[PDB]
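Visitor: I am attaching a structure below and will ask some questions about it afterwards.
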Amino acid sequence: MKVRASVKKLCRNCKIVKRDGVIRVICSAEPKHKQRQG
Amino acid sequence: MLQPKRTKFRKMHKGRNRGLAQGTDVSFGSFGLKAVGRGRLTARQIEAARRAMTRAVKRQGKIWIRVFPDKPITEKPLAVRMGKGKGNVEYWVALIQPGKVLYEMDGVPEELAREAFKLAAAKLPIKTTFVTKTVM
Amino acid sequence: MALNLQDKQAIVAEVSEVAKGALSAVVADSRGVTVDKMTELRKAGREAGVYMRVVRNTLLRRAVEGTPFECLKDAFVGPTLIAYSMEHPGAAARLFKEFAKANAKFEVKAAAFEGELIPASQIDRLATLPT
Amino acid sequence: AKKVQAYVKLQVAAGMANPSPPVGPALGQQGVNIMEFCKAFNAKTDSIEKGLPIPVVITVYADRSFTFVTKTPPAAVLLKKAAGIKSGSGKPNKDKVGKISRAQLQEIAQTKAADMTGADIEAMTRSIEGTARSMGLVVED
Amino acid sequence: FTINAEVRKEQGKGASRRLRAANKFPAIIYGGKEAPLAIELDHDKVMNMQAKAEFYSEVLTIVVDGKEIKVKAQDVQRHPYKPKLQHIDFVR
RNA sequence: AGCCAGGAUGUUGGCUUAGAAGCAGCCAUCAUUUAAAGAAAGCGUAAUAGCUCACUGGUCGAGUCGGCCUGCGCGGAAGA
Ligand SMILES: [Mg+2]
Ligand SMILES: [Mg+2]
Ligand SMILES: [Mg+2]
Ligand SMILES: [Mg+2]
Ligand SMILES: [Mg+2]
Ligand SMILES: [Mg+2]
Ligand SMILES: [Mg+2]
Ligand SMILES: [Mg+2]
Ligand SMILES: [Mg+2]
Ligand SMILES: [Mg+2]
Ligand SMILES: [Mg+2]
Ligand SMILES: [Mg+2]
Ligand SMILES: [Mg+2]
Ligand SMILES: [Mg+2]
Ligand SMILES: [Mg+2]
C-alpha cells in the first residue's frame, strides 16, 4: 500500500475505513488503490 | 511571466499587506476564484495557476486575470552580509487581501468550472474559494 | 422518481383506459429478451397503434390503488410480476392468447398465463373468442 | 429457439468473398472453417447486390456447418449512394456536413420492413429518417 | 416575498457588529418625501431569499411594527469572502 | 437498500475502405416497439462478442443519498 498524507477515493469500488485511528482506503478491484494514512 | 513593462522606480518598500480586498465582485466572467486567505502571489504562481486552468478547460471558454504583480521583491545573494545597499529585484508579486477575485471564467459548465479552479487553487499559496456572478 | 402529481397522472391515465376497455392479459418475463419485446408489443402495432398501454406496474398499492375504483378482483393478482395489458378496439380481442402463444416462441416464462377478467375466471387457455 | 451458443454479427462488404485482413480469425475462431464464408456466403449475396455490406446469424453447432438467416444492410452505408457524400460524420453541429428530406428516407425506410420492427410505417419512418440526423444531416422536414 | 423586520435603536460600529454576530443584519428603507427608516432583520431568511432572481427586481413588502412597506432592493453589501450579507439598501 | 427480471432488429453505419462495430478520435447524439433503454457512465476486445450501470418492472417495505455555514477533534507529525 501507499502511505500518502492525502488518501482519496480513486476508483468506484474504493472504500474509506477508519481502523485503529488511521484512515485507510480499501479497494476490491485494484489492490494498487489500497492506501493508508492522511 | 507577468511583469510591468517599465516602471517609475526599480525598488519598492516592503509595506504591509493589510485590510480587505477591493476587487470583490465577479465583474467580467460568470465564475471566479476568490481569495479567502491573505498573502502575496508571485509572477510564476499566476502563470502556473493559469496554465493549470487553461489546459483543464481546453481551447474553449474565456479566462481573465484580475490580479497583476506591479510590486518588485528584492533578494540579497547567498554569503552576503547585512547592509551595503538594498538588494536586487528577483521576482514580482501581487499583494492579495481577503476577498480579492484572482481569476474569472466564462463560457463553460458549472460542473467543469469547479474542477478547473481546483487545479489552479492547488498551485497557489493562498486559500481560495469558488464564487458565481450574482445579478446585483 | 417525480412527484405525486406525475405518479397520479400515470395511474389516472390507466384508470381511464379501463373505462373504455374490456379484456386483459398478464405477462411476466422472468427471463425475457428485447427480441421478444417486439412481438407481444409489435402485435399492438398490428392491431392499430400506440394506445395499447401494457402498463406493467402491478405493485401492491400502485395499480392496485386504481383497482378499488375499477375491477376489484385484480387485487389478488398483485402477488408476483404482472402487466395489465388493457385493450381498446374489438370486444375480447386476440391479444389474450398471443401472450400464451409467444411464451412457447422463445420467452422462457409468462406469469403462468393466469389471465385477467371477462367472466371473472382464472388460468384458462381460451381459443373461444370473437374473430 | 435456442439461446446464446456462439452467434456473432460480423463481416465487411458482402462482395468481398473470403476476408482475411478484414475479418479472418473471427469467423474461423470456432470449429467452423474459413472456406464456409465464401461458397455459402455469396449464395444469398448475389441475389440483392455486391459492394454492399450485409449481416447474417452464425449459430454454430457440433455438426460441421451452421444454420443461418440473413437480415438487412445498416443505415449510413445505405446513406452513401442514397445520401450523396461518401463521408458521413466529422463536425455536424459545428459545421453541417449534408442534408436529406423526409420523402426519400420515409420511402427507403419501409423497404427493410422484413427485418425492421415497429407498428406503423410512419413509426419506423422517423427512425430510419433519424439515422440521417446523426450523420451531420439535419433532416429537412 | 414578505419579511418581518424590527426597528433599530442602537446604530454604529459596536451595535452593527453585535447584531451581525447574532444571526441578523442591519438594513435601511428610504424613498419619497418621508424620512429614512433603519431596519434590523434576520440573516437566514434573506440569505435564502436572494438565491431567486426575482429578489433583485420585484417588489418586496417588509413588515415593520404592523405596517407593510413596499420596497425594491437597490444596493447590497456582501461579506468580502464568506457567503453572507452585511447590509441592504431598500429603495421605496 | 437489497432480491430472480428486462435493459433491441438493421449500427461490419458513413469515416483516412487496415479497423474502429454503444464506448481512440470525429461530431450527430436517431426515432420507433413501449413497463422501460443513452445509438450509451464504466469494464472487456486487433475490432466484435460479452459483463455492468443508467432506467423501468415486480417483491421486503421505511425515511434517506448528497453541498455550503460552522463548535470541538483525527492524520500530515523523524535526532541525537
Ligand atoms: Mg510518510
Ligand atoms: Mg513515501
Ligand atoms: Mg492493527
Ligand atoms: Mg505591459
Ligand atoms: Mg503605512
Ligand atoms: Mg485600495
Ligand atoms: Mg473600485
Ligand atoms: Mg451619526
Ligand atoms: Mg470598535
Ligand atoms: Mg422621491
Ligand atoms: Mg477546531
Ligand atoms: Mg508524532
Ligand atoms: Mg517531525
Ligand atoms: Mg517525520
Ligand atoms: Mg518514526
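Residue numbering restarts at 1 in every chain; chains get A, B, ... in the order shown in the C-alpha cells, and ligands count up from 1 in that same order.
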Can you tell me which residues come within 10 Å of ligand 13 when counting only C-alpha atoms (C1' of nucleotides) and all ligand atoms, ideally as a PDB file with N, CA and C atoms (P, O5', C5', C4', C3', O3' and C1' of nucleotides), in the first residue's frame?

Guide:
ATOM      1  P     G F  76       0.675  10.925  11.224  1.00  0.00           P
ATOM      2  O5'   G F  76       0.798  12.058  10.109  1.00  0.00           O
ATOM      3  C5'   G F  76       0.937  11.719   8.715  1.00  0.00           C
ATOM      4  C4'   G F  76       0.972  12.960   7.851  1.00  0.00           C
ATOM      5  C3'   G F  76       2.084  13.942   8.181  1.00  0.00           C
ATOM      6  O3'   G F  76       3.246  13.545   7.465  1.00  0.00           O
ATOM      7  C1'   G F  76       0.020  15.101   7.944  1.00  0.00           C
ATOM      8  P     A F  77       4.691  13.925   8.009  1.00  0.00           P
ATOM      9  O5'   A F  77       4.608  13.550   9.554  1.00  0.00           O
ATOM     10  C5'   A F  77       5.799  13.224  10.280  1.00  0.00           C
ATOM     11  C4'   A F  77       5.587  13.377  11.766  1.00  0.00           C
ATOM     12  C3'   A F  77       4.542  12.460  12.400  1.00  0.00           C
ATOM     13  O3'   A F  77       5.035  12.041  13.675  1.00  0.00           O
ATOM     14  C1'   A F  77       3.898  14.719  12.689  1.00  0.00           C
ATOM     15  P     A F  78       6.082  10.810  13.799  1.00  0.00           P
ATOM     16  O5'   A F  78       7.449  11.399  13.223  1.00  0.00           O
ATOM     17  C5'   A F  78       8.393  12.143  14.031  1.00  0.00           C
ATOM     18  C4'   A F  78       9.800  11.647  13.776  1.00  0.00           C
ATOM     19  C3'   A F  78      10.923  12.404  14.474  1.00  0.00           C
ATOM     20  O3'   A F  78      11.046  11.987  15.835  1.00  0.00           O
ATOM     21  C1'   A F  78      11.532  11.905  12.227  1.00  0.00           C
ATOM     22  P     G F  79      11.620  12.985  16.963  1.00  0.00           P
ATOM     23  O5'   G F  79      13.097  12.439  17.213  1.00  0.00           O
ATOM     24  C5'   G F  79      14.202  12.831  16.375  1.00  0.00           C
ATOM     25  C4'   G F  79      15.510  12.558  17.069  1.00  0.00           C
ATOM     26  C3'   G F  79      15.983  13.659  18.008  1.00  0.00           C
ATOM     27  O3'   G F  79      16.718  13.097  19.089  1.00  0.00           O
ATOM     28  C1'   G F  79      17.515  13.451  16.221  1.00  0.00           C
TER      29        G F  79
END

Visitor: Select from chain E every residue with an atom at most 10 Å from any atom of chain B, then for each give the shortest pair of atoms and their distance in Å to one decimal, using only C-alpha atoms, rows by chain and rising number, as CSV.

Guide:
residue,atom,partner,partner_atom,distance
E:50,CA,B:134,CA,9.1
E:51,CA,B:134,CA,8.6
E:53,CA,B:135,CA,7.6
E:55,CA,B:136,CA,9.7
E:56,CA,B:136,CA,6.7
E:57,CA,B:136,CA,9.5
E:73,CA,B:136,CA,9.1
E:74,CA,B:136,CA,8.4
E:75,CA,B:136,CA,7.3
E:76,CA,B:136,CA,7.5
E:77,CA,B:136,CA,9.9
E:78,CA,B:25,CA,8.7
E:79,CA,B:99,CA,8.3
E:80,CA,B:99,CA,4.5
E:81,CA,B:99,CA,4.6
E:82,CA,B:36,CA,7.9
E:83,CA,B:131,CA,8.9

Visitor: When DSSP works through the backbone of this structure, what residues of chain C end up as alpha helix (DSSP H), shown as number ranges by chain?

Guide: C: 4-19, 34-40, 42-47, 63-66, 95-104

Visitor: Leaving out residue 102 in chain D and any residue of its chain fewer than 3 positions from it, which residues lie within 7 Å of it when counting only C-alpha atoms (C1' of nucleotides), given as a PyMOL selection string?

Guide: chain D and resi 105-106+129+139-141

Visitor: Those residues you just picked out, can you put them in a file as a PDB file, in the first residue's frame with C-alpha atoms?

Guide:
ATOM      1  CA  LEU D 105     -35.890   8.382 -46.093  1.00  0.00           C
ATOM      2  CA  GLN D 106     -39.579   7.517 -45.477  1.00  0.00           C
ATOM      3  CA  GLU D 129     -35.042   9.216 -41.123  1.00  0.00           C
ATOM      4  CA  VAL D 139     -33.445  16.290 -41.504  1.00  0.00           C
ATOM      5  CA  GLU D 140     -35.233  18.605 -43.977  1.00  0.00           C
ATOM      6  CA  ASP D 141     -38.758  18.177 -42.573  1.00  0.00           C
TER       7      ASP D 141
END

Visitor: Counting only C-alpha atoms (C1' of nucleotides) and all ligand atoms, which protein, DNA or RNA residues come within 10 Å of ligand 3, given as number ranges by chain?

Guide: A: 19-22

Visitor: Generate a file of the selected residues that holds N, CA, C and O atoms, formatted as a tab-separated table (two decimals), in the first residue's frame.

Guide:
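Below you can see selection.tsv, which holds the result:
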chain	number	residue	atom	x	y	z
A	19	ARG	N	-9.59	2.43	10.69
A	19	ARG	CA	-9.15	1.33	11.55
A	19	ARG	C	-8.08	1.80	12.53
A	19	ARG	O	-7.02	2.29	12.11
A	20	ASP	N	-8.35	1.64	13.83
A	20	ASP	CA	-7.40	1.95	14.91
A	20	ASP	C	-6.89	3.40	14.90
A	20	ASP	O	-5.74	3.66	15.27
A	21	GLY	N	-7.75	4.33	14.47
A	21	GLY	CA	-7.39	5.75	14.36
A	21	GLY	C	-6.96	6.20	12.97
A	21	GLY	O	-7.24	7.33	12.57
A	22	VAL	N	-6.28	5.31	12.23
A	22	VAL	CA	-5.74	5.64	10.91
A	22	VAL	C	-6.82	5.48	9.83
A	22	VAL	O	-7.55	4.49	9.83

Visitor: Do you have, as JSON lines, the list of residues of chain E lying at most 12 Å from ligand 9, each with its nearest atom pair and that distance in Å to one decimal, counting only C-alpha atoms and all ligand atoms and ordered by chain then number?

Guide:
{"residue": "E:12", "atom": "CA", "partner": "ligand 9", "partner_atom_place_in_ligand_line": "1 (Mg)", "distance": 9.6}
{"residue": "E:13", "atom": "CA", "partner": "ligand 9", "partner_atom_place_in_ligand_line": "1 (Mg)", "distance": 6.4}
{"residue": "E:14", "atom": "CA", "partner": "ligand 9", "partner_atom_place_in_ligand_line": "1 (Mg)", "distance": 5.9}
{"residue": "E:15", "atom": "CA", "partner": "ligand 9", "partner_atom_place_in_ligand_line": "1 (Mg)", "distance": 9.7}
{"residue": "E:16", "atom": "CA", "partner": "ligand 9", "partner_atom_place_in_ligand_line": "1 (Mg)", "distance": 10.5}
{"residue": "E:17", "atom": "CA", "partner": "ligand 9", "partner_atom_place_in_ligand_line": "1 (Mg)", "distance": 9.0}
{"residue": "E:18", "atom": "CA", "partner": "ligand 9", "partner_atom_place_in_ligand_line": "1 (Mg)", "distance": 10.6}

Visitor: May I ask you to write as number ranges by chain all residues lying at most 10 Å from ligand 1, with only C-alpha atoms (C1' of nucleotides) and all ligand atoms counted?

Guide: A: 2-5, 36-38; F: 76-78

Visitor: Output as a ChimeraX atom specification the set of chain F residues within 12 Å of chain E, with distances taken over only C-alpha atoms (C1' of nucleotides).

Guide: /F:68-70

Visitor: According to DSSP computed on the backbone, where in range 2-127 of chain B is there strand (DSSP E or B)? Give the residues as a ChimeraX atom specification.

Guide: /B:31-35,39-42,62-65,72-75,88-96,101-106

Visitor: Which chain B residues have any atom within 12 Å of an atom of ligand 5, and for each, what is the nearest pair of atoms with distance in Å to one decimal, counting only C-alpha atoms and all ligand atoms, rows sorted by chain and number, as JSON lines?

Guide:
{"residue": "B:13", "atom": "CA", "partner": "ligand 5", "partner_atom_place_in_ligand_line": "1 (Mg)", "distance": 10.6}
{"residue": "B:14", "atom": "CA", "partner": "ligand 5", "partner_atom_place_in_ligand_line": "1 (Mg)", "distance": 10.3}
{"residue": "B:15", "atom": "CA", "partner": "ligand 5", "partner_atom_place_in_ligand_line": "1 (Mg)", "distance": 6.8}
{"residue": "B:16", "atom": "CA", "partner": "ligand 5", "partner_atom_place_in_ligand_line": "1 (Mg)", "distance": 6.9}
{"residue": "B:17", "atom": "CA", "partner": "ligand 5", "partner_atom_place_in_ligand_line": "1 (Mg)", "distance": 9.7}
{"residue": "B:18", "atom": "CA", "partner": "ligand 5", "partner_atom_place_in_ligand_line": "1 (Mg)", "distance": 9.5}
{"residue": "B:19", "atom": "CA", "partner": "ligand 5", "partner_atom_place_in_ligand_line": "1 (Mg)", "distance": 11.6}

Visitor: Store the residues of this selection in a file with N, CA, C and O atoms, as a short mmCIF file (atom, residue, chain, number, x, y, z; two decimals), in the first residue's frame.

Guide:
data_model
loop_
_atom_site.label_atom_id
_atom_site.label_comp_id
_atom_site.auth_asym_id
_atom_site.auth_seq_id
_atom_site.Cartn_x
_atom_site.Cartn_y
_atom_site.Cartn_z
N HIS B 13 9.42 49.74 -1.33
CA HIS B 13 9.40 49.35 0.09
C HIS B 13 8.60 48.07 0.31
O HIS B 13 7.77 47.67 -0.52
N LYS B 14 8.86 47.44 1.45
CA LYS B 14 8.22 46.19 1.83
C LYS B 14 6.73 46.39 2.05
O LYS B 14 5.91 45.66 1.49
N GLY B 15 6.39 47.39 2.86
CA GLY B 15 5.00 47.72 3.15
C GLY B 15 4.32 46.70 4.04
O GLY B 15 4.98 45.86 4.65
N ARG B 16 3.00 46.80 4.13
CA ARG B 16 2.19 45.91 4.96
C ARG B 16 0.90 45.57 4.24
O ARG B 16 0.07 46.44 3.97
N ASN B 17 0.73 44.28 3.91
CA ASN B 17 -0.48 43.79 3.27
C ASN B 17 -1.60 43.65 4.31
O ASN B 17 -1.69 42.64 5.01
N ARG B 18 -2.43 44.69 4.41
CA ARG B 18 -3.49 44.78 5.42
C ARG B 18 -4.84 45.12 4.81
O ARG B 18 -4.94 45.47 3.63
N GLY B 19 -5.88 45.01 5.64
CA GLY B 19 -7.24 45.35 5.25
C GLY B 19 -7.88 44.29 4.37
O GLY B 19 -7.32 43.21 4.17
#

Visitor: Between CA of residue 132 in chain D and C1' of residue 28 in chain F, measure the distance and give it in Å to one decimal.

Guide: 8.7 Å

Visitor: Residues within 9 Å of residue 15 in chain C, please, as an mmCIF file with C-alpha atoms, in the first residue's frame. Count only C-alpha atoms (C1' of nucleotides); anything in the same chain fewer than 2 positions from it doesn't count.

Guide:
data_model
loop_
_atom_site.group_PDB
_atom_site.id
_atom_site.type_symbol
_atom_site.label_atom_id
_atom_site.label_comp_id
_atom_site.auth_asym_id
_atom_site.auth_seq_id
_atom_site.Cartn_x
_atom_site.Cartn_y
_atom_site.Cartn_z
ATOM 1 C CA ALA C 10 -49.844 7.736 -14.772
ATOM 2 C CA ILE C 11 -52.477 5.880 -12.682
ATOM 3 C CA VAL C 12 -55.377 8.242 -13.553
ATOM 4 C CA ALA C 13 -54.320 7.658 -17.198
ATOM 5 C CA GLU C 17 -58.285 3.025 -20.159
ATOM 6 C CA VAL C 18 -60.280 0.521 -18.036
ATOM 7 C CA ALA C 19 -63.417 2.687 -18.512
ATOM 8 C CA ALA C 63 -52.002 -0.099 -9.969
ATOM 9 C CA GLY C 66 -56.802 2.182 -9.249
ATOM 10 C CA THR C 67 -58.275 -1.288 -8.513
ATOM 11 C CA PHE C 69 -62.296 2.293 -8.475
ATOM 12 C CA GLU C 70 -62.153 -0.206 -11.403
#

Visitor: How would you report the residues lying within 7 Å of ligand 10, as a list in words, if you count only C-alpha atoms (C1' of nucleotides) and all ligand atoms?

Guide: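 Those residues are residues 31, 32 and 33 of chain E.
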
Visitor: As a PyMOL selection string, please: the residues near residue 58 in chain F (cut-off 12 Å, only C-alpha atoms (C1' of nucleotides), same-chain neighbours under 5 positions excluded).

Guide: (chain C and resi 27-30+56-60+62-63+77-83+111) or (chain F and resi 3-6+35)

Visitor: Next, the residues of the selection above should be written as a PDB file, in the first residue's frame with C-alpha atoms (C1' of nucleotides).

Guide:
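Contents of part04.pdb, freshly written:
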ATOM      1  CA  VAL C  27     -47.285 -11.308 -18.869  1.00  0.00           C
ATOM      2  CA  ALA C  28     -44.146 -11.881 -16.765  1.00  0.00           C
ATOM      3  CA  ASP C  29     -40.765 -12.093 -18.450  1.00  0.00           C
ATOM      4  CA  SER C  30     -38.679 -13.641 -15.638  1.00  0.00           C
ATOM      5  CA  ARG C  56     -46.554  -3.142 -16.160  1.00  0.00           C
ATOM      6  CA  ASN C  57     -46.843  -1.679 -12.644  1.00  0.00           C
ATOM      7  CA  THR C  58     -48.981  -4.073 -10.541  1.00  0.00           C
ATOM      8  CA  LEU C  59     -47.276  -3.050  -7.230  1.00  0.00           C
ATOM      9  CA  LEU C  60     -49.363  -3.895  -4.099  1.00  0.00           C
ATOM     10  CA  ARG C  62     -49.646   1.361  -7.318  1.00  0.00           C
ATOM     11  CA  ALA C  63     -52.002  -0.099  -9.969  1.00  0.00           C
ATOM     12  CA  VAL C  77     -53.449 -10.869  -8.996  1.00  0.00           C
ATOM     13  CA  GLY C  78     -50.952  -8.382  -7.405  1.00  0.00           C
ATOM     14  CA  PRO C  79     -48.558 -11.064  -5.984  1.00  0.00           C
ATOM     15  CA  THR C  80     -45.701 -11.868  -8.452  1.00  0.00           C
ATOM     16  CA  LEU C  81     -44.995  -9.708 -11.540  1.00  0.00           C
ATOM     17  CA  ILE C  82     -47.983  -8.895 -13.789  1.00  0.00           C
ATOM     18  CA  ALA C  83     -48.683  -6.459 -16.663  1.00  0.00           C
ATOM     19  CA  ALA C 111     -46.574 -15.406 -15.449  1.00  0.00           C
TER      20      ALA C 111
ATOM     21  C1'   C F   3     -33.570  -9.569  -4.440  1.00  0.00           C
ATOM     22  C1'   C F   4     -34.948 -13.810  -9.539  1.00  0.00           C
ATOM     23  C1'   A F   5     -36.311  -9.714 -14.025  1.00  0.00           C
ATOM     24  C1'   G F   6     -35.778  -6.900 -18.646  1.00  0.00           C
ATOM     25  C1'   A F  35     -43.013  -1.331 -18.407  1.00  0.00           C
TER      26        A F  35
END
